[PDB]
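In what follows, a single structure is set out as structure tokens and then discussed.
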Amino acid sequence: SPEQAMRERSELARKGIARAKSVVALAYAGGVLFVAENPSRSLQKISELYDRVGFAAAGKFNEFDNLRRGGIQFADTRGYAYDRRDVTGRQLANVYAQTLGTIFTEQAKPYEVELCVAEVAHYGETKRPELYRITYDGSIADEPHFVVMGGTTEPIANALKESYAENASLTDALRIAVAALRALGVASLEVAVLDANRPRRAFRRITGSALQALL
Amino acid sequence: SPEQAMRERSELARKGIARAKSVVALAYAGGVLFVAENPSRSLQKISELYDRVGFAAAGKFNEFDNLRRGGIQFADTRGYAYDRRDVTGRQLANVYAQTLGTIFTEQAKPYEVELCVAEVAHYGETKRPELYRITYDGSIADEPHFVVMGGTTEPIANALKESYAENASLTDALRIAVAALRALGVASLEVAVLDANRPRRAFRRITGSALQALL
Amino acid sequence: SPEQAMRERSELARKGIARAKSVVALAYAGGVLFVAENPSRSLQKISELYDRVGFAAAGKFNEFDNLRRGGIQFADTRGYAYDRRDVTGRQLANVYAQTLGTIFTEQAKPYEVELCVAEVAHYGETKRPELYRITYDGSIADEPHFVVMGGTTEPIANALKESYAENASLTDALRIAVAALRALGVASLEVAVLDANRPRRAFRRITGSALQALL
Amino acid sequence: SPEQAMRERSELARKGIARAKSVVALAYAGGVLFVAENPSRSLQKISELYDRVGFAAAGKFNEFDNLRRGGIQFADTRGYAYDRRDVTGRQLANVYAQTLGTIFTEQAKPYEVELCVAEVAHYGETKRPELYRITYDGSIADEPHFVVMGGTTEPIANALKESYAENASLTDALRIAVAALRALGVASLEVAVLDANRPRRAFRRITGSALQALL
Amino acid sequence: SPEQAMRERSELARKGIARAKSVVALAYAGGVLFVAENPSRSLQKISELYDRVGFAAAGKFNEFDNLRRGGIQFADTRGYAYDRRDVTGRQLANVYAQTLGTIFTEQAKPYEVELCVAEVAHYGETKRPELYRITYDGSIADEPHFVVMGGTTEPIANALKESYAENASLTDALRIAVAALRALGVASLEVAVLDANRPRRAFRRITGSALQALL
Amino acid sequence: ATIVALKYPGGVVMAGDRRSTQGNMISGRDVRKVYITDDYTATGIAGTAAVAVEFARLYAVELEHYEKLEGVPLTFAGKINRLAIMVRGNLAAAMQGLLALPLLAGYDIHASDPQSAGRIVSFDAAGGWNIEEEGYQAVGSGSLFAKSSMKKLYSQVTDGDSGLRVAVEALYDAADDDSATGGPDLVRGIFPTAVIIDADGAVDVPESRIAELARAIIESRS
Amino acid sequence: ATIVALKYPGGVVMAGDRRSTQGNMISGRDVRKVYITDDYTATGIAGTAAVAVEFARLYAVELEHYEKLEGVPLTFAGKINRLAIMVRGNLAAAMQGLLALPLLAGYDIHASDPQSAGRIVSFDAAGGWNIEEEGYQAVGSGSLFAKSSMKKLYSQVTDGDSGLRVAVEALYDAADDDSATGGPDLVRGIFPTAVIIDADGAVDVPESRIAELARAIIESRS
Amino acid sequence: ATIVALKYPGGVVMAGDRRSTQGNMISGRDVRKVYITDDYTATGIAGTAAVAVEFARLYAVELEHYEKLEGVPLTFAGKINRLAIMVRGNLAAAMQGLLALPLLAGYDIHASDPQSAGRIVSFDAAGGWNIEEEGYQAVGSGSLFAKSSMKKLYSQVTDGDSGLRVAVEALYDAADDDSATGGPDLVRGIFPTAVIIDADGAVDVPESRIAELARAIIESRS
Amino acid sequence: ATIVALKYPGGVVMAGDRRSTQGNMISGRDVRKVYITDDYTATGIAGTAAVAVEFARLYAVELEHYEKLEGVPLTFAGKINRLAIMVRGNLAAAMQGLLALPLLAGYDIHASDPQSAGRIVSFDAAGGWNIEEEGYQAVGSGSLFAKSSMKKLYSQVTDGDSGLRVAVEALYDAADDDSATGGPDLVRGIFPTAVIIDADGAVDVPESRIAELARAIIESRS
């Protein structure tokens, strides 16, 4: 009975992601801001895939670590093949959806991960940030403003649906994200941004005294 | 018991396609018009396979994305092998039927997709548009006027069976298709046409102010 | 239990062929006449395998399409290997029986098809037409006058057993075949003949005004 | 439980062979005479394997057709390897037993066939004919005078045990074989002999007016 | 049911590790100190992976012996590829987590092991020791001060949580570790340290009269 | 070995010689080098016979196989592409010495003007193809002489008989100027074979017409 | 064989000769060597025709395949990289003798200045590419003569017609100074083909304009 | 080594010499080179014996295998195709020096005219085959002399005995004009072997008839 | 082709010429041969351009890939090992003629003394590498002349401007003594490109400073 196996796999994946922590990604006036609940510093849930692409995930560390490594290899090979400007987050989101679907179908245990791909505009060009969400079964979707994943995401989803205004500054966006995640100091918090103001590489890590000064 | 497994697979595929949205394809006085319910712009349910061939599908995005990529590769290889004028939509529909049947038979989970292949006449030549429908199990069929797929297609099928007149203009065909789909502005609507008036490539996308002016 | 699996596979194949339409093949004074119930024109249930060999099938389109393609490749390779005059319908019927038996044995789902191979005499030589019937499990048989397959074949079998006279003309044979199939105009009817009067290639398609004039 | 599977496979094979017709092979003063119940002429249940070896089988046509083709290839390769006089029916019977045992063991469906290998003396040399019988599971045995296979073989076995005299002529042997098979004209009867009086190839087919004159 | 299989595998792994002895690893003012309960001298539960990396495990000897050999090969190959200073304990911990997860998922019996990777600062450089813990399912974690594994680890975990002060000497750290393990002479005790004071290789074994003098 | 083909209003003609030579010794006297692949085109290969017959048979088999599989005949461009691929795949054997240069002449049934539907295609040793448009083309050892003769004689081509006469005269000139090309045989009665392709299909010219044309040309040249 | 391309304000022009020679004997008189791959660039290959047509078709097919798969056209750098890879993959065949050196001219729609959006790219035998910036570039056997003529004549280029006239004059000079390059044919009416690429796309220059330009140049040189 | 075959009304004859030479030294004196493959055709291979016997055995085995598998004998065209494929598959060994050129003579039972049912086929080193129609053909080192002798002597062929006498005389002439061909031996009693194929099948000519024919020819030449 | 690099207190400079020559004919006039791989090192390859650009792109891609995968940049020894492996893997192509000898200059941020953190590495054709410590190194056809000029002129290097002037003068001397090296162009305004690497990262020297330095050197030499 394929129906029973699919139902049990979906329930297992949902229970696996439900115990994980919440990571919040949103777009502000200068790109995409990533905020995550991460106590250790050796383990990073937010990374950079290409010059203007970003990565975020929640769940078992090894699974999305492997997915991140595969995405980096795919992006670098595609950039070396045609050009650096021919790589977009849509291709990464599509290949991630296909890989997650293949894992869900033809593997003993489905992957308990939830990925988000955020792309920003190239330097000197105006365009709105694009966010994509991929689930455990390989579903793909487009989210205009914010993406919330991991655990009991209903309160954070409500808190980001309400009292959210676009074109906000980095400080206000960070404060709103922290407030929605609570519903929290320098430690146990991971903050990364996609700064479109940067010429080639838009990924930046905010840690240390700068993070404390921000909030 | 093969009968029980086949019945369960068919039920799973039918339930999967039933929750999907409805996409309507019909032929007018200038080719084939494709109308789909698609909120996001990054994801496209209507594409172009060759110079005079078109693609349309409903269901899980990754599955028909893979089918579309395979069809494009097959069409390009066949065109480079013999000639560009030796590729017809019948071959694409046949290979799609074989691939869907093979997936339904020798895969853990059947594909929850429903494809349509529409071919138009070559420039300077008069011939009636041909539409083919392929189901999840690999069934193939020929439909003279319109093809309706995805979800509760009975009301739209009735609404296109009634009050439909051939040789209609683009505007009237678009209005009829939208009215039948409702039984709806620029957003959440995907419109594409196969313009036989074009010399080599007949695929065109109608978006933006032109779509608003059309309806 | 092999017995239960074999019984269930046979029942599935019989139910699959039973819902299909009826195709009638008979031999007249000038070769073999093929009459089929086929509404669409893009899909053909009657084809040509070699210079003097013919093909006919009923059931799922993709399965016998694949069988037809394999038979054509086998016939062409054998003709190029030894000679064009060294290919007979007996070899094609034997390889079809072996392939259908292998599919019935070592495949998840048995093929729901029923093939007929009809061979005629070479030009300038007198010999009686030979018809072979192959079932889903790979059974082979020799039928002297007519072959009836697809659906509830009992009434058509009785109607062709009675009131059938050999050495009949094309018109009388067509009328008898249509009358037995009914127990029906130009549309929804596929008619093909194996004309032994032709020098090299004996396959001919009767469509359009000629078919209407015939009946 | 291997015992249950073996029992079910043996029962399936016995039921498959039981519905088949009876073929009788016996040795007379001039070699080995093969008599079979075969209505069609395109299908042959009696064949020739080498210069002095013969073949006979009963059951599903495709299975023993494949076995016959393999035996012919083995015999020809062995003759080309060492010599034409280094091929005996014992080797063919042994390889047939091994192949049937392997099929019975490591295949989904056991073969529903029963083969007999008959060898005669070389020209200018006196030696008694040798007959070998191979069953569905690969059992091998040596039979001095006659071999009876296919269907309800008990009455024919009794009728050939009684009133049988060696060194008989071709006509008397044919009459006795036909009488035992009945317990029957030119049609539906296949007759072949292994004529040791022939210099190199001992296989001969008796058909047409000669068969009618014989009985 | 994947849930039942996962639960049974986890229970089997937990029962396997629970019967094993306890090994304690902690960091002092001069590196990382490893203390284990090991009666035999031929078998070693503490080893060296690279110049500044250490290994520790508890459970079935062969499993973590294989893991140790694989880690040594990986470390040596990575050092020969890029540089000796480009190898960190984080990479070893990550590859160990991936390998343990793959074993837990796609093997008949999960590995009943628990590994710890301890890295120290390079000579002439000040940095705090880093300890990583990997479980049977591939989970990874970062532990600031001490790592306790094997058997009933609750009393030892409490005894090392209480009355533990950083920056302690080797003698005091050894005494505290032995006291916590008891809650014990030269025999049946394995002691190893990661001495950051050493120029290139920081691994050292304390055995014999020196160990007795230490405690 | 010489094969000629020229275009006339409403069709296309194709002819070749009947001589096979092993070095300097004559081996064949009525060798056929012009073959009909299918209804609306014919091919002619000059060079090694063992490769020529194989190429003709393989081309015909491939065309028939495609027509049977797809149910419709290949377009002219597809046929040219297939022949070019076949020629290109034999470049190594041609380098060793097994060289075969085919000549393709056919009728395009999908052309707007039936009178200009004739096509002549020539192929290179490397697989390159070019559509002939001067109205004539010749291949073989004596191709240059035949091409010059056709250059002078193309002004008299008005219909099928005129084109056939011009082709026969060009073959005669090539045989006169080349020792590897065999002319008409008045002793054994051997004459070159010709194929005429028009809107009704490709047919074989009877030997009687070629015999009369050759006799008339010989009488005129006397 | 000679193909020239020069840059004018607001676009780029590209032209080539119509001569094919098998050693020292003329084989073709109107061979086309300039092809349009897609909307905003055209390519021209000098060398073996069998490799040139294959390269043009393969490049066009690859560009169309990528555009259909990804939904957006490739960037100019991506097109240059693909062409360079294609050229590099044929180095062994070029060493044997199957050499084909393409010339790429296109219009960049993603440039800040539309007047300076024209691009000319030349490729080496080893796959190396260089973006031409002197305003002109020529490839083929008579490339040096055409390049010198364009060096002297580039001062008169102001618009599309001036660039076309300069290209035709350079081709005429190359044909005059090289026996492998075919000049304008006033008897058979054969003239070089040209392609003009601008902001509206790539179009084919009608033969009448080239005929008038060639006639004017011939009259001036008399 | 010389093998001759000529056509007479109602059948075909085939004969060959009995000499094997290793360079310039005689190694064999009664070597058999004519073999019977099946009922209605016989073959003869000239060249390396190690390849000749292998080819004869393999051809016979393949024909018998096909006849047993399909239940009907191969057509003459199929047999020619199989032999041509076998010859073509040995081209590399022939290039090294292991050359074997077979000669095929058979009777076509599926012909309208029984009197003209005889067939003679010759094969080239590259695998090409040609159906002989002049009425005779010879292969081997002394093939030219035998062919000339048969050209002069074919006018006296009316039946089987006349054809056999002509073949023996041609073999004698070839042996006289070639040092590698062995003539009739009147001391050891060694004479060439012959095979006659007619409507009743292929049979072996008894040595007595060949002995009398050779003695009569020798007496006439004296 | 000539690329020079010398060490000054607090950083390292790197410069190269802008000439590409196909044998004895000039093909390029402003070819760029100095590239920036990442923040704290730059590379320069002399030889075949098709291999040089590929090597630069591949080295940059590999460094970026490792940095993204591991989260930390490679050490200088790791970068040297990767470049040496890349050079060694091309030895067969170098033997055929596709030779490319890179020059590596970088800044070590993990050094005790910032003033002595500059590093210069030279690579051999077989993949061997040596860390330069005399304070300067040059590669290319005119490497010897530039090295001698730097040997005499290194005593005046005190800061970045002095090192840049010395590098420009060495390039000028190499261009004067070598016909394959292109000197400063006062007509077309083409000047060599330079890259300065210091504690703040690697930056590109503006063309104005190089122009003034070249003009001053030319005036002094007059």
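Labels for the structure tokens follow display order: chains A, B, ..., residues from 1 in each chain, ligands from 1.
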Practice problem: Using only C-alpha atoms, determine which residues lie at most 8 Å from segment 94-110 of chain B, disregarding the query and same-chain residues fewer than 3 positions distant; provide the list as a PyMOL selection string. | Solution: (chain A and resi 2+105-106) or (chain B and resi 9+13+67+71+90-91+134-140) or (chain C and resi 62+108-109)
Using only N, CA, C and O atoms, please write the residues we just selected to a file, as an mmCIF file, in the first residue's frame.
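Everything below was put into again.cif:
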data_model
loop_
_atom_site.group_PDB
_atom_site.id
_atom_site.type_symbol
_atom_site.label_atom_id
_atom_site.label_comp_id
_atom_site.auth_asym_id
_atom_site.auth_seq_id
_atom_site.Cartn_x
_atom_site.Cartn_y
_atom_site.Cartn_z
ATOM 1 N N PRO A 2 1.005 1.888 -1.169
ATOM 2 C CA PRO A 2 1.794 3.129 -1.239
ATOM 3 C C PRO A 2 1.246 4.247 -0.371
ATOM 4 O O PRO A 2 2.028 5.062 0.137
ATOM 5 N N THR A 105 11.340 9.690 -2.291
ATOM 6 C CA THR A 105 10.756 8.556 -3.000
ATOM 7 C C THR A 105 11.600 7.292 -2.851
ATOM 8 O O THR A 105 11.097 6.256 -2.402
ATOM 9 N N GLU A 106 12.884 7.360 -3.199
ATOM 10 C CA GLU A 106 13.733 6.179 -3.333
ATOM 11 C C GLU A 106 14.793 6.080 -2.237
ATOM 12 O O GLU A 106 15.940 5.716 -2.500
ATOM 13 N N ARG B 9 -2.551 2.591 -6.773
ATOM 14 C CA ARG B 9 -1.752 3.576 -7.495
ATOM 15 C C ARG B 9 -2.637 4.539 -8.277
ATOM 16 O O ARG B 9 -2.390 5.752 -8.290
ATOM 17 N N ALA B 13 -2.879 8.571 -7.673
ATOM 18 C CA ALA B 13 -2.659 9.540 -8.743
ATOM 19 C C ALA B 13 -3.869 10.448 -8.925
ATOM 20 O O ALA B 13 -3.722 11.664 -9.112
ATOM 21 N N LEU B 67 9.699 16.108 -17.067
ATOM 22 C CA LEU B 67 9.127 15.660 -18.335
ATOM 23 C C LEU B 67 9.345 16.694 -19.435
ATOM 24 O O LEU B 67 9.670 16.343 -20.575
ATOM 25 N N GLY B 71 11.449 16.184 -22.853
ATOM 26 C CA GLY B 71 10.845 16.450 -24.145
ATOM 27 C C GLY B 71 11.626 17.442 -24.974
ATOM 28 O O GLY B 71 11.776 17.253 -26.185
ATOM 29 N N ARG B 90 3.090 14.507 -32.527
ATOM 30 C CA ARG B 90 2.706 13.112 -32.336
ATOM 31 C C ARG B 90 3.837 12.306 -31.708
ATOM 32 O O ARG B 90 3.606 11.513 -30.788
ATOM 33 N N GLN B 91 5.071 12.514 -32.176
ATOM 34 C CA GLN B 91 6.213 11.810 -31.599
ATOM 35 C C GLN B 91 6.410 12.171 -30.131
ATOM 36 O O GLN B 91 6.675 11.296 -29.297
ATOM 37 N N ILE B 134 -2.385 13.141 -22.339
ATOM 38 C CA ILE B 134 -1.729 11.976 -21.757
ATOM 39 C C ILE B 134 -2.006 11.969 -20.260
ATOM 40 O O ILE B 134 -1.805 12.984 -19.583
ATOM 41 N N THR B 135 -2.463 10.829 -19.748
ATOM 42 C CA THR B 135 -2.821 10.685 -18.347
ATOM 43 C C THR B 135 -1.664 10.073 -17.558
ATOM 44 O O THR B 135 -0.568 9.848 -18.076
ATOM 45 N N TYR B 136 -1.925 9.793 -16.278
ATOM 46 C CA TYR B 136 -0.874 9.329 -15.378
ATOM 47 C C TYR B 136 -0.399 7.921 -15.720
ATOM 48 O O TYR B 136 0.782 7.609 -15.535
ATOM 49 N N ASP B 137 -1.289 7.064 -16.215
ATOM 50 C CA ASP B 137 -0.935 5.689 -16.541
ATOM 51 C C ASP B 137 -0.339 5.544 -17.934
ATOM 52 O O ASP B 137 0.052 4.435 -18.312
ATOM 53 N N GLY B 138 -0.256 6.627 -18.698
ATOM 54 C CA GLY B 138 0.263 6.574 -20.046
ATOM 55 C C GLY B 138 -0.776 6.513 -21.141
ATOM 56 O O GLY B 138 -0.411 6.294 -22.301
ATOM 57 N N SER B 139 -2.054 6.692 -20.814
ATOM 58 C CA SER B 139 -3.092 6.678 -21.834
ATOM 59 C C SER B 139 -2.929 7.876 -22.761
ATOM 60 O O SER B 139 -2.560 8.970 -22.327
ATOM 61 N N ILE B 140 -3.208 7.667 -24.044
ATOM 62 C CA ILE B 140 -3.127 8.730 -25.036
ATOM 63 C C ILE B 140 -4.476 8.865 -25.728
ATOM 64 O O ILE B 140 -5.219 7.891 -25.886
ATOM 65 N N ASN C 62 0.374 2.100 -26.341
ATOM 66 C CA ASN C 62 1.825 2.159 -26.194
ATOM 67 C C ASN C 62 2.460 0.774 -26.274
ATOM 68 O O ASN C 62 3.536 0.613 -26.864
ATOM 69 N N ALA C 108 6.274 -6.770 -13.950
ATOM 70 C CA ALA C 108 5.306 -6.493 -12.894
ATOM 71 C C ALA C 108 3.874 -6.572 -13.411
ATOM 72 O O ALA C 108 2.994 -7.123 -12.739
ATOM 73 N N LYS C 109 3.621 -6.030 -14.600
ATOM 74 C CA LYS C 109 2.285 -6.019 -15.184
ATOM 75 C C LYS C 109 2.321 -6.673 -16.558
ATOM 76 O O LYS C 109 3.098 -6.237 -17.426
#
Quiz prompt | Residues of chain I in alpha helix (DSSP H), written as a ChimeraX atom specification | solution = /I:49-70,76-88,91-96,143-153,160-177,207-221
Self-check item: Distance query residue 111 of chain H at most 12 Å, only C-alpha atoms, self and fewer than 6 positions along chain excluded, as a ChimeraX atom specification
Solution: /H:10,75-76,117-119,199
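The residue that comes closest to chain B, out of G:63, G:34, G:109, G:146 and on the basis of only C-alpha atoms, is G:63.
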Per residue of chain F within 8 Å of chain C, which atom pair is closest and at what distance in Å (one decimal), using only C-alpha atoms, listed by chain and increasing number, as a tab-separated table?
residue	atom	partner	partner_atom	distance
F:61	CA	C:76	CA	7.3
F:65	CA	C:76	CA	7.0
F:68	CA	C:48	CA	7.1
F:69	CA	C:69	CA	6.7
Quiz prompt | Residues of chain F within 8 Å of chain H, only C-alpha atoms counted, as a PyMOL selection string | solution = chain F and resi 49-51
Could those residues be written to a file, using N, CA and C atoms, as a PDB file, in the first residue's frame?
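Result written to out07.pdb:
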ATOM      1  N   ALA F  49      33.686  -0.601 -55.559  1.00  0.00           N
ATOM      2  CA  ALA F  49      32.372  -1.222 -55.690  1.00  0.00           C
ATOM      3  C   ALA F  49      31.905  -1.824 -54.370  1.00  0.00           C
ATOM      4  N   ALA F  50      32.817  -2.468 -53.635  1.00  0.00           N
ATOM      5  CA  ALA F  50      32.448  -3.102 -52.373  1.00  0.00           C
ATOM      6  C   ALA F  50      31.857  -2.100 -51.393  1.00  0.00           C
ATOM      7  N   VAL F  51      32.335  -0.856 -51.420  1.00  0.00           N
ATOM      8  CA  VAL F  51      31.746   0.174 -50.574  1.00  0.00           C
ATOM      9  C   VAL F  51      30.506   0.773 -51.231  1.00  0.00           C
TER      10      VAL F  51
END
Practice problem: For chain C, list the residues within 12 Å of chain B, counting only C-alpha atoms, and write the list as a PyMOL selection string. | Solution: chain C and resi 1-13+15-16+38-44+59-66+107-111
What would the file look like if the residues just selected were written as a compact mmCIF listing (two decimals), in the first residue's frame with C-alpha atoms?
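The result, stored in again_25.txt:
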# COMPACT_ATOMS: atom_id res chain seq x y z
CA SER C 1 2.04 -19.45 -4.77
CA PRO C 2 2.77 -19.24 -8.50
CA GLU C 3 -0.73 -20.48 -9.37
CA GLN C 4 -2.47 -17.53 -7.69
CA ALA C 5 -0.13 -14.98 -9.29
CA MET C 6 -0.58 -16.54 -12.74
CA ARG C 7 -4.37 -16.61 -12.33
CA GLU C 8 -4.47 -12.96 -11.22
CA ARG C 9 -2.22 -11.87 -14.09
CA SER C 10 -4.37 -13.76 -16.61
CA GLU C 11 -7.54 -12.22 -15.17
CA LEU C 12 -6.01 -8.73 -15.32
CA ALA C 13 -4.94 -9.22 -18.94
CA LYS C 15 -10.16 -7.69 -18.26
CA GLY C 16 -7.81 -5.23 -19.96
CA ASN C 38 -10.53 3.50 -34.78
CA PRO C 39 -12.06 6.96 -34.28
CA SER C 40 -8.87 9.05 -34.30
CA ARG C 41 -6.64 9.29 -37.37
CA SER C 42 -3.34 10.03 -35.60
CA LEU C 43 -3.48 6.62 -33.90
CA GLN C 44 -3.21 3.58 -36.17
CA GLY C 59 -5.38 -3.02 -26.49
CA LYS C 60 -3.20 -0.36 -24.87
CA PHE C 61 -1.70 1.80 -27.61
CA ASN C 62 1.83 2.16 -26.19
CA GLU C 63 2.39 -1.58 -25.66
CA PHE C 64 1.63 -2.70 -29.20
CA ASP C 65 3.31 0.45 -30.54
CA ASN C 66 6.52 -0.74 -28.86
CA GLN C 107 7.39 -8.14 -15.60
CA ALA C 108 5.31 -6.49 -12.89
CA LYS C 109 2.29 -6.02 -15.18
CA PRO C 110 1.50 -8.32 -18.14
CA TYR C 111 0.92 -6.76 -21.53
